[PDB]
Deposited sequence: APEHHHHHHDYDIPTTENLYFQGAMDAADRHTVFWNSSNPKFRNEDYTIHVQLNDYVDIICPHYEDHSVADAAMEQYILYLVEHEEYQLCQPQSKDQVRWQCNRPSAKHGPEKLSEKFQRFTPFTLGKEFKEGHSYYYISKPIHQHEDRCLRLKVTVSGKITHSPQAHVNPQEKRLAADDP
């Protein structure tokens, strides 16, 4: 099954800086980028990073080798740009990540053109 996550400042789940989702193996996490149809400058755009607890706590990435997906298409014709992460135990692709049972994984944001008012982050925990 799948867990929908609308990654935007207007989501109240991000306001306490402790947004946490609980998943089971072989499940998908659908991170929905901001989407519009509004001022072209006011359109939120983020860089999603799959990181470690240190990068999560400090809300700052250590390297570009952590960049997961780009929310660079806010007024996309087709629909909202998404990042669909299968929480699979095994991957045939090395640059991708394997999700072990009983572990926590962290996602962090960085505004592409806007100012960082608050820290946008999510914690995914495998049951």
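Residues 1 to 28, 66 to 68, 159 to 181 of the deposited sequence have no C-alpha coordinates in the model.
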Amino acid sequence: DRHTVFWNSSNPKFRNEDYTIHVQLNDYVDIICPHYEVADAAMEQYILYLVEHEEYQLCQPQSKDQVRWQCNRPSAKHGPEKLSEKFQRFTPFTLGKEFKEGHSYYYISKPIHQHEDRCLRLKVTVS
From here on, numbers count along this sequence of modelled residues.
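Per the PDB record, of the two stretches 28 to 36 and 97 to 105, 97 to 105 carries the greater mean B-factor over its C-alpha atoms. For the segment pair 58 to 66 and 81 to 89, the entry gives 58 to 66 the higher mean B-factor, averaged over Cα atoms. Sort the chain's modelled residues by C-alpha temperature factor and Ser127 lands in the highest third, per the entry. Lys110: CA B factor in the lowest third of modelled residues in this chain (values from the PDB entry).
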